[PDB]
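Q: I am attaching a structure below and will ask some questions about it afterwards.
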Amino acid sequence: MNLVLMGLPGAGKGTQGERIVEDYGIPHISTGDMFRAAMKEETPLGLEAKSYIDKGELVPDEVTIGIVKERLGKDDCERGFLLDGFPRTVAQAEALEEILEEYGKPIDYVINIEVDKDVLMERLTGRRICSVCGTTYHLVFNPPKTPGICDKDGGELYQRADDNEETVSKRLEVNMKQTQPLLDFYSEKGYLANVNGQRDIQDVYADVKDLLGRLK
Ligand SMILES: Nc1ncnc2c1ncn2[C@@H]1O[C@H](COP(=O)(O)OP(=O)(O)OP(=O)(O)OP(=O)(O)OP(=O)(O)OC[C@H]2O[C@@H](n3cnc4c(N)ncnc43)[C@H](O)[C@@H]2O)[C@@H](O)[C@H]1O
Ligand SMILES: [Mg+2]
Ligand SMILES: [Zn+2]
């Protein structure tokens, strides 16, 4: 199963992707997570990406395409994969098309998780992330069993650096500009499937499961 999840900041790509990987065992590849892991490990990649990430701007296509090409070439991906947050520009989509021919693994679906732009700020300012595994919670919409710690591993939950109001505004602006072009690109390819992500997590996942159940 070759999948791509797309959506505006805070729409719920990670929340739905974790559910997909637990049902299908494919690797969950999020470029955002890769960038934050790089920053945490203080690598050259982390240094390069941090500037854009802190501003809520897109990390340049070249370096981003490069780490995805490398990542998809790993053995854990020979049985399928779940891209999350990549591609997010038409240029990245065209590049992904080329890359997948190489690794002989064309896209089955590009799932677009649609949530009103006006309710995303609340999704992000109320978000808490696990410092250990990266899973996310929400103070109101999906709270951890115990405040301050992850259900799975007890790690401390914190607020992602770019989830501040100022940065979210830039993130929304930047990605909204990229949204129609990406939808048009995949609609034409026929890989696109829009899902209403502004409902309970389970209702959203049910619709997603429906789609994936159609693939061999
Ligand atoms: N390809 C690329 N090219 C260039 N630059 C790139 C790049 N990829 C990454 N970058 C750089 O990296 C930065 C960060 O990228 P990235 O980490 O990919 O940012 P993002 O796309 O904005 O997505 P988010 O992680 O913020 O949200 P999400 O959709 O996963 O939502 P979640 O499930 O956590 O949910 C959010 C909250 O909502 C809650 N929630 C989830 N579902 C629901 C629901 N159904 N109902 C109510 N609440 C819900 C959750 O509990 C949580 O609190 C970018 O800004 C850019 O600088
Ligand atoms: Mg995410
Ligand atoms: Zn955790």
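Residue numbering restarts at 1 in every chain; chains get A, B, ... in the order shown in the structure tokens, and ligands count up from 1 in that same order.
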Pick out the residues no farther than 6 Å from ligand 1, counting only C-alpha atoms and all ligand atoms, and list them as number ranges by chain.
A: A: 9-15, 31-33, 52-53, 56-60, 64, 85-88, 123-124, 126-128, 136-138, 141-142, 171, 197-201
Q: Output N, CA, C and O atoms for every residue in that selection, as a short mmCIF file (atom, residue, chain, number, x, y, z; two decimals), in the first residue's frame.
A:
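Final file, again.cif:
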data_model
loop_
_atom_site.label_atom_id
_atom_site.label_comp_id
_atom_site.auth_asym_id
_atom_site.auth_seq_id
_atom_site.Cartn_x
_atom_site.Cartn_y
_atom_site.Cartn_z
N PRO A 9 -2.25 22.60 8.13
CA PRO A 9 -1.67 22.43 9.46
C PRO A 9 -2.69 22.09 10.52
O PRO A 9 -3.65 22.84 10.68
N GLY A 10 -2.47 20.98 11.23
CA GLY A 10 -3.37 20.58 12.31
C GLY A 10 -4.63 19.82 11.93
O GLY A 10 -5.46 19.52 12.79
N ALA A 11 -4.78 19.52 10.64
CA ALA A 11 -5.96 18.80 10.15
C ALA A 11 -6.10 17.40 10.73
O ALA A 11 -7.22 16.87 10.83
N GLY A 12 -4.97 16.79 11.11
CA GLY A 12 -5.03 15.46 11.69
C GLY A 12 -4.31 14.37 10.91
O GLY A 12 -4.64 13.19 11.03
N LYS A 13 -3.31 14.75 10.11
CA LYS A 13 -2.59 13.74 9.34
C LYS A 13 -1.94 12.71 10.25
O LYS A 13 -2.03 11.51 10.01
N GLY A 14 -1.27 13.18 11.31
CA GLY A 14 -0.60 12.28 12.20
C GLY A 14 -1.53 11.37 12.96
O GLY A 14 -1.27 10.18 13.13
N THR A 15 -2.65 11.93 13.40
CA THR A 15 -3.63 11.18 14.17
C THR A 15 -4.19 10.02 13.33
O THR A 15 -4.33 8.90 13.82
N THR A 31 7.80 14.08 7.04
CA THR A 31 8.97 14.91 6.87
C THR A 31 9.14 15.84 8.06
O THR A 31 10.27 16.15 8.48
N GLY A 32 8.02 16.29 8.62
CA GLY A 32 8.10 17.14 9.79
C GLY A 32 8.82 16.37 10.90
O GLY A 32 9.73 16.90 11.55
N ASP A 33 8.43 15.12 11.13
CA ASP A 33 9.07 14.34 12.20
C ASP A 33 10.55 14.14 11.93
O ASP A 33 11.37 14.16 12.85
N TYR A 52 13.66 27.66 8.57
CA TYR A 52 12.36 27.69 7.91
C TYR A 52 11.26 27.23 8.86
O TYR A 52 10.21 27.88 8.98
N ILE A 53 11.51 26.12 9.53
CA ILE A 53 10.54 25.56 10.47
C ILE A 53 10.11 26.57 11.53
O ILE A 53 8.93 26.72 11.82
N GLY A 56 7.73 28.95 10.12
CA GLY A 56 6.50 28.37 9.60
C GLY A 56 6.56 28.33 8.09
O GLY A 56 5.55 28.14 7.44
N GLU A 57 7.77 28.51 7.54
CA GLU A 57 8.00 28.48 6.10
C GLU A 57 8.38 27.06 5.67
O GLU A 57 8.83 26.23 6.47
N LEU A 58 8.21 26.78 4.38
CA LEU A 58 8.55 25.47 3.85
C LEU A 58 10.08 25.32 3.75
O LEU A 58 10.77 26.24 3.33
N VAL A 59 10.59 24.16 4.14
CA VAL A 59 12.01 23.87 4.01
C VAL A 59 12.15 23.73 2.49
O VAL A 59 11.21 23.28 1.83
N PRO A 60 13.30 24.14 1.92
CA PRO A 60 13.47 24.04 0.46
C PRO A 60 13.24 22.66 -0.14
O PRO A 60 13.58 21.63 0.44
N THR A 64 14.54 18.61 1.01
CA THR A 64 13.38 17.80 1.40
C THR A 64 13.19 16.58 0.51
O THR A 64 12.98 15.46 0.98
N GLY A 85 2.69 14.70 4.99
CA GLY A 85 3.24 16.04 4.93
C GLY A 85 4.18 16.24 3.76
O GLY A 85 4.76 17.32 3.60
N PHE A 86 4.34 15.18 2.96
CA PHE A 86 5.15 15.22 1.75
C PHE A 86 4.41 14.38 0.73
O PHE A 86 3.92 13.29 1.05
N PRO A 87 4.23 14.90 -0.48
CA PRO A 87 4.71 16.23 -0.89
C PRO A 87 3.73 17.29 -0.42
O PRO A 87 2.59 16.97 -0.06
N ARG A 88 4.17 18.55 -0.41
CA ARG A 88 3.26 19.64 -0.07
C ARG A 88 3.40 20.81 -1.03
O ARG A 88 2.97 21.94 -0.74
N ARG A 123 -6.88 23.79 17.03
CA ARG A 123 -6.33 22.43 16.97
C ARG A 123 -4.87 22.44 17.38
O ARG A 123 -4.39 21.54 18.05
N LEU A 124 -4.16 23.48 16.97
CA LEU A 124 -2.73 23.55 17.25
C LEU A 124 -2.31 24.17 18.59
O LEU A 124 -1.31 23.75 19.19
N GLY A 126 -3.96 23.93 21.23
CA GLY A 126 -4.36 22.99 22.25
C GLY A 126 -3.63 21.67 22.14
O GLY A 126 -3.85 20.76 22.92
N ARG A 127 -2.75 21.56 21.15
CA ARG A 127 -2.02 20.33 20.94
C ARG A 127 -0.86 20.15 21.89
O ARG A 127 -0.23 21.11 22.29
N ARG A 128 -0.61 18.89 22.24
CA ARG A 128 0.51 18.52 23.09
C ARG A 128 1.13 17.31 22.40
O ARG A 128 0.41 16.42 21.94
N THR A 136 0.48 12.65 19.13
CA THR A 136 -0.11 13.89 19.62
C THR A 136 -1.44 13.73 20.35
O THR A 136 -2.20 12.79 20.12
N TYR A 137 -1.70 14.69 21.24
CA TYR A 137 -2.92 14.73 22.05
C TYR A 137 -3.49 16.15 21.93
O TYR A 137 -2.84 17.03 21.36
N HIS A 138 -4.69 16.36 22.45
CA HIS A 138 -5.27 17.69 22.45
C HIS A 138 -5.96 17.83 23.81
O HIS A 138 -6.64 16.92 24.26
N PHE A 141 -9.88 17.88 22.61
CA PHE A 141 -10.28 16.88 21.63
C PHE A 141 -9.75 15.46 21.74
O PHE A 141 -10.34 14.54 21.19
N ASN A 142 -8.65 15.26 22.45
CA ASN A 142 -8.08 13.93 22.57
C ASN A 142 -7.05 14.00 23.69
O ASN A 142 -5.84 13.90 23.46
N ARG A 171 2.16 29.38 8.84
CA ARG A 171 2.01 28.03 8.31
C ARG A 171 0.73 27.89 7.52
O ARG A 171 0.71 27.27 6.45
N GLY A 197 -12.30 15.78 7.75
CA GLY A 197 -11.58 15.52 8.98
C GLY A 197 -12.06 16.30 10.19
O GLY A 197 -11.44 16.21 11.24
N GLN A 198 -13.15 17.04 10.04
CA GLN A 198 -13.72 17.85 11.12
C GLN A 198 -14.86 17.12 11.81
O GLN A 198 -16.00 17.60 11.87
N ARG A 199 -14.53 15.94 12.34
CA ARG A 199 -15.47 15.08 13.03
C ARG A 199 -14.65 14.27 14.02
O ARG A 199 -13.41 14.37 14.03
N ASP A 200 -15.32 13.45 14.82
CA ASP A 200 -14.64 12.62 15.78
C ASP A 200 -13.57 11.80 15.07
O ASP A 200 -13.78 11.35 13.93
N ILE A 201 -12.45 11.58 15.76
CA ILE A 201 -11.33 10.81 15.20
C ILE A 201 -11.76 9.46 14.62
O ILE A 201 -11.29 9.06 13.54
#
Q: Counting only C-alpha atoms, what is within 12 Å of residue 39 in chain A, bar same-chain residues fewer than 3 positions away, as a ChimeraX atom specification?
A: /A:32-36,42-51,53-54,161
Q: Write the residues you've just listed into a file as a compact mmCIF listing (two decimals), in the first residue's frame, and include N, CA, C and O atoms for each of them.
A:
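For reference, part_33.txt as written:
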# COMPACT_ATOMS: atom_id res chain seq x y z
N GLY A 32 8.02 16.29 8.62
CA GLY A 32 8.10 17.14 9.79
C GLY A 32 8.82 16.37 10.90
O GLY A 32 9.73 16.90 11.55
N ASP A 33 8.43 15.12 11.13
CA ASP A 33 9.07 14.34 12.20
C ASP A 33 10.55 14.14 11.93
O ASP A 33 11.37 14.16 12.85
N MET A 34 10.89 13.93 10.67
CA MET A 34 12.29 13.74 10.28
C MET A 34 13.09 15.00 10.56
O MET A 34 14.21 14.93 11.06
N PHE A 35 12.52 16.16 10.23
CA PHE A 35 13.20 17.43 10.51
C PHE A 35 13.38 17.65 12.02
O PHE A 35 14.45 18.09 12.47
N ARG A 36 12.35 17.35 12.82
CA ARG A 36 12.47 17.55 14.25
C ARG A 36 13.46 16.55 14.87
O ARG A 36 14.16 16.87 15.84
N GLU A 42 20.89 17.36 16.51
CA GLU A 42 21.84 18.40 16.11
C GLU A 42 22.62 18.06 14.86
O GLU A 42 23.85 18.19 14.85
N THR A 43 21.95 17.62 13.80
CA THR A 43 22.66 17.28 12.57
C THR A 43 22.69 18.45 11.60
O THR A 43 21.99 19.45 11.80
N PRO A 44 23.50 18.35 10.54
CA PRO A 44 23.56 19.45 9.57
C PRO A 44 22.18 19.70 8.97
O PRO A 44 21.81 20.85 8.69
N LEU A 45 21.42 18.63 8.78
CA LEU A 45 20.07 18.72 8.23
C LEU A 45 19.19 19.51 9.19
O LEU A 45 18.35 20.32 8.78
N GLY A 46 19.37 19.26 10.47
CA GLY A 46 18.58 19.96 11.46
C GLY A 46 18.90 21.43 11.43
O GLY A 46 18.02 22.28 11.50
N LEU A 47 20.18 21.75 11.32
CA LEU A 47 20.55 23.16 11.28
C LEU A 47 19.93 23.84 10.06
O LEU A 47 19.39 24.95 10.16
N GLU A 48 19.99 23.17 8.91
CA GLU A 48 19.44 23.77 7.69
C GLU A 48 17.94 23.99 7.75
O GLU A 48 17.43 25.04 7.33
N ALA A 49 17.21 23.01 8.27
CA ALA A 49 15.76 23.10 8.33
C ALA A 49 15.20 24.03 9.40
O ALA A 49 14.19 24.70 9.18
N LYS A 50 15.84 24.08 10.56
CA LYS A 50 15.37 24.90 11.67
C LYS A 50 14.91 26.33 11.32
O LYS A 50 13.87 26.78 11.79
N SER A 51 15.69 27.04 10.51
CA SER A 51 15.35 28.41 10.13
C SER A 51 13.96 28.53 9.52
O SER A 51 13.19 29.42 9.86
N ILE A 53 11.51 26.12 9.53
CA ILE A 53 10.54 25.56 10.47
C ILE A 53 10.11 26.57 11.53
O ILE A 53 8.93 26.72 11.82
N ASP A 54 11.08 27.28 12.12
CA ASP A 54 10.74 28.24 13.16
C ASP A 54 9.87 29.36 12.62
O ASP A 54 9.05 29.92 13.35
N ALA A 161 7.21 23.81 19.12
CA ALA A 161 7.70 25.17 18.92
C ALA A 161 6.95 26.00 17.90
O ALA A 161 6.69 27.19 18.12
Q: Neighbouring residues of residue 186 in chain A were defined as those with any atom within 10 Å, considering only C-alpha atoms; residues of the same chain fewer than 2 positions away were excluded. Please report them as a JSON list (two decimals) with N, CA, C and O atoms, in the first residue's frame.
A:
[["chain", "number", "residue", "atom", "x", "y", "z"],
["A", 90, "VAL", "N", 3.70, 21.30, -5.66],
["A", 90, "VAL", "CA", 3.61, 20.61, -6.94],
["A", 90, "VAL", "C", 4.98, 20.06, -7.34],
["A", 90, "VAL", "O", 5.08, 18.95, -7.86],
["A", 93, "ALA", "N", 5.59, 16.91, -5.60],
["A", 93, "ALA", "CA", 4.75, 15.86, -6.16],
["A", 93, "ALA", "C", 5.36, 15.29, -7.45],
["A", 93, "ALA", "O", 5.38, 14.08, -7.67],
["A", 109, "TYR", "N", -3.27, 6.02, -3.20],
["A", 109, "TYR", "CA", -4.18, 7.09, -2.84],
["A", 109, "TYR", "C", -3.42, 8.26, -2.23],
["A", 109, "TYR", "O", -2.38, 8.07, -1.60],
["A", 110, "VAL", "N", -3.96, 9.45, -2.44],
["A", 110, "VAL", "CA", -3.45, 10.66, -1.82],
["A", 110, "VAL", "C", -4.68, 11.07, -1.03],
["A", 110, "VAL", "O", -5.65, 11.57, -1.60],
["A", 111, "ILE", "N", -4.67, 10.83, 0.28],
["A", 111, "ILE", "CA", -5.83, 11.19, 1.09],
["A", 111, "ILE", "C", -5.73, 12.60, 1.62],
["A", 111, "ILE", "O", -4.80, 12.94, 2.36],
["A", 181, "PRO", "N", -3.18, 23.80, -6.03],
["A", 181, "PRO", "CA", -2.29, 23.20, -7.03],
["A", 181, "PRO", "C", -2.04, 21.70, -6.78],
["A", 181, "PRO", "O", -2.01, 20.89, -7.71],
["A", 182, "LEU", "N", -1.85, 21.34, -5.52],
["A", 182, "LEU", "CA", -1.62, 19.93, -5.19],
["A", 182, "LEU", "C", -2.88, 19.11, -5.47],
["A", 182, "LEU", "O", -2.80, 18.01, -6.01],
["A", 183, "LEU", "N", -4.05, 19.62, -5.07],
["A", 183, "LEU", "CA", -5.31, 18.89, -5.31],
["A", 183, "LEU", "C", -5.52, 18.68, -6.80],
["A", 183, "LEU", "O", -5.88, 17.58, -7.24],
["A", 184, "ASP", "N", -5.32, 19.73, -7.58],
["A", 184, "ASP", "CA", -5.48, 19.63, -9.03],
["A", 184, "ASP", "C", -4.52, 18.58, -9.60],
["A", 184, "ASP", "O", -4.91, 17.77, -10.44],
["A", 188, "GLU", "N", -6.13, 15.04, -11.20],
["A", 188, "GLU", "CA", -5.87, 14.68, -12.58],
["A", 188, "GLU", "C", -5.24, 13.29, -12.66],
["A", 188, "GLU", "O", -5.60, 12.50, -13.53],
["A", 189, "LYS", "N", -4.32, 13.00, -11.74],
["A", 189, "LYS", "CA", -3.67, 11.69, -11.70],
["A", 189, "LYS", "C", -4.69, 10.63, -11.30],
["A", 189, "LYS", "O", -4.51, 9.45, -11.59],
["A", 190, "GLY", "N", -5.74, 11.06, -10.62],
["A", 190, "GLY", "CA", -6.78, 10.14, -10.18],
["A", 190, "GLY", "C", -6.44, 9.43, -8.88],
["A", 190, "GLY", "O", -7.04, 8.40, -8.57],
["A", 191, "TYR", "N", -5.49, 9.95, -8.11],
["A", 191, "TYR", "CA", -5.11, 9.31, -6.84],
["A", 191, "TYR", "C", -5.85, 9.92, -5.65],
["A", 191, "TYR", "O", -5.89, 9.33, -4.57],
["A", 192, "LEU", "N", -6.41, 11.11, -5.85],
["A", 192, "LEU", "CA", -7.06, 11.86, -4.77],
["A", 192, "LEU", "C", -8.38, 11.36, -4.21],
["A", 192, "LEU", "O", -9.26, 10.87, -4.93],
["A", 193, "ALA", "N", -8.50, 11.51, -2.89],
["A", 193, "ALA", "CA", -9.70, 11.14, -2.14],
["A", 193, "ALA", "C", -9.78, 12.11, -0.96],
["A", 193, "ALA", "O", -8.90, 12.11, -0.10]]
Q: Using backbone DSSP assignments, extract all strand (DSSP E or B) residues from range 57-204 of chain A; output them as a VMD selection string.
A: chain A and resid 81 to 84 109 to 114 127 to 130 136 to 138 142 149 156 to 158 192 to 196
Q: Residues as selected, N, CA and C atoms, written as an mmCIF file, in the first residue's frame, can you do that?
A:
data_model
loop_
_atom_site.group_PDB
_atom_site.id
_atom_site.type_symbol
_atom_site.label_atom_id
_atom_site.label_comp_id
_atom_site.auth_asym_id
_atom_site.auth_seq_id
_atom_site.Cartn_x
_atom_site.Cartn_y
_atom_site.Cartn_z
ATOM 1 N N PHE A 81 4.212 2.070 2.136
ATOM 2 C CA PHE A 81 4.564 3.189 3.016
ATOM 3 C C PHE A 81 3.467 4.231 3.139
ATOM 4 N N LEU A 82 3.602 5.088 4.145
ATOM 5 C CA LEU A 82 2.629 6.135 4.353
ATOM 6 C C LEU A 82 3.364 7.472 4.459
ATOM 7 N N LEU A 83 3.302 8.281 3.403
ATOM 8 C CA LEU A 83 3.938 9.600 3.412
ATOM 9 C C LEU A 83 2.981 10.568 4.081
ATOM 10 N N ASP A 84 3.520 11.420 4.943
ATOM 11 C CA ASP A 84 2.707 12.362 5.705
ATOM 12 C C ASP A 84 3.344 13.755 5.651
ATOM 13 N N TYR A 109 -3.272 6.016 -3.197
ATOM 14 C CA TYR A 109 -4.183 7.093 -2.845
ATOM 15 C C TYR A 109 -3.425 8.259 -2.234
ATOM 16 N N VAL A 110 -3.961 9.453 -2.436
ATOM 17 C CA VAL A 110 -3.447 10.662 -1.822
ATOM 18 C C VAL A 110 -4.682 11.071 -1.030
ATOM 19 N N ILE A 111 -4.667 10.834 0.276
ATOM 20 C CA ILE A 111 -5.825 11.186 1.087
ATOM 21 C C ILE A 111 -5.732 12.604 1.624
ATOM 22 N N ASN A 112 -6.701 13.426 1.252
ATOM 23 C CA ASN A 112 -6.744 14.804 1.705
ATOM 24 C C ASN A 112 -7.683 14.960 2.902
ATOM 25 N N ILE A 113 -7.128 15.276 4.070
ATOM 26 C CA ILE A 113 -7.949 15.431 5.276
ATOM 27 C C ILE A 113 -8.390 16.891 5.383
ATOM 28 N N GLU A 114 -9.642 17.142 5.011
ATOM 29 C CA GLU A 114 -10.215 18.482 5.000
ATOM 30 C C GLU A 114 -10.837 18.990 6.294
ATOM 31 N N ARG A 127 -2.748 21.557 21.153
ATOM 32 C CA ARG A 127 -2.017 20.326 20.937
ATOM 33 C C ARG A 127 -0.862 20.146 21.889
ATOM 34 N N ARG A 128 -0.613 18.893 22.245
ATOM 35 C CA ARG A 128 0.511 18.517 23.095
ATOM 36 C C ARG A 128 1.127 17.311 22.399
ATOM 37 N N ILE A 129 2.450 17.292 22.311
ATOM 38 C CA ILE A 129 3.177 16.216 21.644
ATOM 39 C C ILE A 129 4.062 15.419 22.617
ATOM 40 N N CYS A 130 4.185 14.119 22.384
ATOM 41 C CA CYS A 130 5.023 13.303 23.258
ATOM 42 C C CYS A 130 6.488 13.494 22.880
ATOM 43 N N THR A 136 0.482 12.652 19.125
ATOM 44 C CA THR A 136 -0.112 13.893 19.618
ATOM 45 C C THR A 136 -1.439 13.735 20.352
ATOM 46 N N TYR A 137 -1.704 14.691 21.241
ATOM 47 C CA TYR A 137 -2.924 14.731 22.053
ATOM 48 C C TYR A 137 -3.490 16.146 21.927
ATOM 49 N N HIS A 138 -4.688 16.362 22.449
ATOM 50 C CA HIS A 138 -5.271 17.686 22.452
ATOM 51 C C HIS A 138 -5.956 17.834 23.809
ATOM 52 N N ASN A 142 -8.647 15.260 22.453
ATOM 53 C CA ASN A 142 -8.075 13.934 22.572
ATOM 54 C C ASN A 142 -7.054 13.999 23.689
ATOM 55 N N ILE A 149 1.707 13.542 30.508
ATOM 56 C CA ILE A 149 2.448 12.369 30.047
ATOM 57 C C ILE A 149 1.730 11.538 28.988
ATOM 58 N N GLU A 156 7.146 13.037 28.704
ATOM 59 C CA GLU A 156 6.540 14.336 28.968
ATOM 60 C C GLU A 156 5.941 14.902 27.684
ATOM 61 N N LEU A 157 4.758 15.496 27.802
ATOM 62 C CA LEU A 157 4.098 16.109 26.652
ATOM 63 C C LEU A 157 4.481 17.581 26.668
ATOM 64 N N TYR A 158 4.681 18.157 25.483
ATOM 65 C CA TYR A 158 5.052 19.556 25.388
ATOM 66 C C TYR A 158 4.371 20.217 24.182
ATOM 67 N N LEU A 192 -6.410 11.113 -5.847
ATOM 68 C CA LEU A 192 -7.064 11.861 -4.773
ATOM 69 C C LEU A 192 -8.383 11.361 -4.205
ATOM 70 N N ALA A 193 -8.504 11.509 -2.888
ATOM 71 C CA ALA A 193 -9.696 11.136 -2.137
ATOM 72 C C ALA A 193 -9.777 12.106 -0.964
ATOM 73 N N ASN A 194 -10.812 12.943 -0.955
ATOM 74 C CA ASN A 194 -11.014 13.914 0.119
ATOM 75 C C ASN A 194 -11.851 13.301 1.233
ATOM 76 N N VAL A 195 -11.426 13.508 2.478
ATOM 77 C CA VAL A 195 -12.162 13.003 3.630
ATOM 78 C C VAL A 195 -12.397 14.164 4.596
ATOM 79 N N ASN A 196 -13.618 14.257 5.129
ATOM 80 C CA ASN A 196 -13.982 15.314 6.072
ATOM 81 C C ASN A 196 -13.304 14.985 7.394
#
Q: As an exercise, work out the distance from atom 1 (Mg, counted along the ligand's line) of ligand 2 to CA of residue 216 in chain A in Å and give it to one decimal place.
A: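 Spanning atom 1 (Mg, counted along the ligand's line) of ligand 2 to CA of residue 216 in chain A is a straight-line distance of 26.6 Å.
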Q: Using only C-alpha atoms and all ligand atoms, what table do you get, as JSON lines, when you list each residue of chain A with an atom no more than 7 Å from ligand 3, its nearest pair of atoms, and their distance in Å rounded to one decimal, rows by chain then rising number?
A:
{"residue": "A:130", "atom": "CA", "partner": "ligand 3", "partner_atom_place_in_ligand_line": "1 (Zn)", "distance": 4.6}
{"residue": "A:131", "atom": "CA", "partner": "ligand 3", "partner_atom_place_in_ligand_line": "1 (Zn)", "distance": 6.6}
{"residue": "A:132", "atom": "CA", "partner": "ligand 3", "partner_atom_place_in_ligand_line": "1 (Zn)", "distance": 4.9}
{"residue": "A:133", "atom": "CA", "partner": "ligand 3", "partner_atom_place_in_ligand_line": "1 (Zn)", "distance": 4.1}
{"residue": "A:134", "atom": "CA", "partner": "ligand 3", "partner_atom_place_in_ligand_line": "1 (Zn)", "distance": 6.0}
{"residue": "A:135", "atom": "CA", "partner": "ligand 3", "partner_atom_place_in_ligand_line": "1 (Zn)", "distance": 5.7}
{"residue": "A:150", "atom": "CA", "partner": "ligand 3", "partner_atom_place_in_ligand_line": "1 (Zn)", "distance": 4.6}
{"residue": "A:151", "atom": "CA", "partner": "ligand 3", "partner_atom_place_in_ligand_line": "1 (Zn)", "distance": 6.6}
{"residue": "A:152", "atom": "CA", "partner": "ligand 3", "partner_atom_place_in_ligand_line": "1 (Zn)", "distance": 5.2}
{"residue": "A:153", "atom": "CA", "partner": "ligand 3", "partner_atom_place_in_ligand_line": "1 (Zn)", "distance": 4.9}
{"residue": "A:154", "atom": "CA", "partner": "ligand 3", "partner_atom_place_in_ligand_line": "1 (Zn)", "distance": 6.5}
{"residue": "A:155", "atom": "CA", "partner": "ligand 3", "partner_atom_place_in_ligand_line": "1 (Zn)", "distance": 5.5}
Q: Write down as a compact mmCIF listing (two decimals) with N, CA, C and O atoms, in the first residue's frame the residues of range 76-172 of chain A whose backbone DSSP state falls under alpha helix (DSSP H).
A:
# COMPACT_ATOMS: atom_id res chain seq x y z
N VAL A 90 3.70 21.30 -5.66
CA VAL A 90 3.61 20.61 -6.94
C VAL A 90 4.98 20.06 -7.34
O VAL A 90 5.08 18.95 -7.86
N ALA A 91 6.03 20.84 -7.08
CA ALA A 91 7.39 20.41 -7.40
C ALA A 91 7.75 19.12 -6.65
O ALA A 91 8.38 18.22 -7.20
N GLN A 92 7.35 19.02 -5.38
CA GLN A 92 7.64 17.81 -4.62
C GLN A 92 6.82 16.63 -5.17
O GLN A 92 7.30 15.49 -5.21
N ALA A 93 5.59 16.91 -5.60
CA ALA A 93 4.75 15.86 -6.16
C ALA A 93 5.36 15.29 -7.45
O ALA A 93 5.38 14.08 -7.67
N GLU A 94 5.84 16.17 -8.32
CA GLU A 94 6.44 15.73 -9.58
C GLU A 94 7.67 14.90 -9.26
O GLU A 94 7.88 13.83 -9.84
N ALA A 95 8.46 15.36 -8.30
CA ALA A 95 9.65 14.61 -7.92
C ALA A 95 9.27 13.23 -7.37
O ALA A 95 9.93 12.23 -7.69
N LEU A 96 8.23 13.17 -6.55
CA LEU A 96 7.80 11.88 -5.98
C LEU A 96 7.40 10.92 -7.08
O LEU A 96 7.67 9.72 -6.98
N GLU A 97 6.74 11.43 -8.12
CA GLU A 97 6.33 10.56 -9.22
C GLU A 97 7.55 9.86 -9.82
O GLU A 97 7.51 8.65 -10.04
N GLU A 98 8.62 10.61 -10.06
CA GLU A 98 9.85 10.07 -10.63
C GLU A 98 10.48 9.04 -9.70
O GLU A 98 10.87 7.95 -10.12
N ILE A 99 10.58 9.42 -8.43
CA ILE A 99 11.16 8.55 -7.42
C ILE A 99 10.46 7.21 -7.32
O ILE A 99 11.12 6.18 -7.26
N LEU A 100 9.13 7.22 -7.32
CA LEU A 100 8.38 5.99 -7.19
C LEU A 100 8.50 5.04 -8.37
O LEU A 100 8.35 3.83 -8.19
N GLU A 101 8.77 5.56 -9.55
CA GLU A 101 8.96 4.69 -10.71
C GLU A 101 10.25 3.92 -10.46
O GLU A 101 10.33 2.72 -10.70
N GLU A 102 11.26 4.64 -9.99
CA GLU A 102 12.57 4.07 -9.68
C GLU A 102 12.42 2.90 -8.72
O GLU A 102 12.88 1.79 -9.00
N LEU A 120 -8.36 25.56 12.74
CA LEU A 120 -7.05 24.93 12.90
C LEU A 120 -6.18 25.54 14.00
O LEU A 120 -5.40 24.85 14.65
N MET A 121 -6.31 26.84 14.22
CA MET A 121 -5.53 27.47 15.27
C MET A 121 -5.82 26.79 16.61
O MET A 121 -4.90 26.52 17.37
N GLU A 122 -7.09 26.53 16.89
CA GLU A 122 -7.49 25.88 18.13
C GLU A 122 -6.95 24.45 18.19
O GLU A 122 -6.60 23.95 19.26
N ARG A 123 -6.88 23.79 17.03
CA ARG A 123 -6.33 22.43 16.97
C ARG A 123 -4.87 22.44 17.38
O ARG A 123 -4.39 21.54 18.05
N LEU A 124 -4.16 23.48 16.97
CA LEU A 124 -2.73 23.55 17.25
C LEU A 124 -2.31 24.17 18.59
O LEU A 124 -1.31 23.75 19.19
N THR A 125 -3.06 25.17 19.05
CA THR A 125 -2.68 25.78 20.32
C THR A 125 -3.05 24.86 21.48
O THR A 125 -2.49 24.97 22.57
N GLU A 165 0.76 30.97 18.03
CA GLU A 165 -0.15 31.72 17.18
C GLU A 165 0.52 32.38 15.97
O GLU A 165 0.06 32.22 14.84
N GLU A 166 1.60 33.10 16.22
CA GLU A 166 2.31 33.79 15.14
C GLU A 166 2.78 32.81 14.04
O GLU A 166 2.53 33.01 12.85
N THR A 167 3.44 31.74 14.45
CA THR A 167 3.95 30.79 13.47
C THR A 167 2.83 30.03 12.75
O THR A 167 2.93 29.76 11.55
N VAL A 168 1.77 29.67 13.48
CA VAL A 168 0.64 28.97 12.85
C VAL A 168 0.04 29.84 11.74
O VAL A 168 -0.38 29.33 10.69
N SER A 169 -0.02 31.15 11.96
CA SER A 169 -0.58 32.04 10.95
C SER A 169 0.24 31.97 9.68
O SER A 169 -0.30 31.98 8.58
N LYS A 170 1.56 31.88 9.84
CA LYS A 170 2.42 31.80 8.68
C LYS A 170 2.27 30.42 8.03
O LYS A 170 2.24 30.32 6.81
N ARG A 171 2.16 29.38 8.84
CA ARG A 171 2.01 28.03 8.31
C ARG A 171 0.73 27.89 7.52
O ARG A 171 0.71 27.27 6.45
N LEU A 172 -0.35 28.46 8.04
CA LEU A 172 -1.62 28.38 7.31
C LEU A 172 -1.49 29.11 5.98
O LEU A 172 -1.87 28.58 4.94
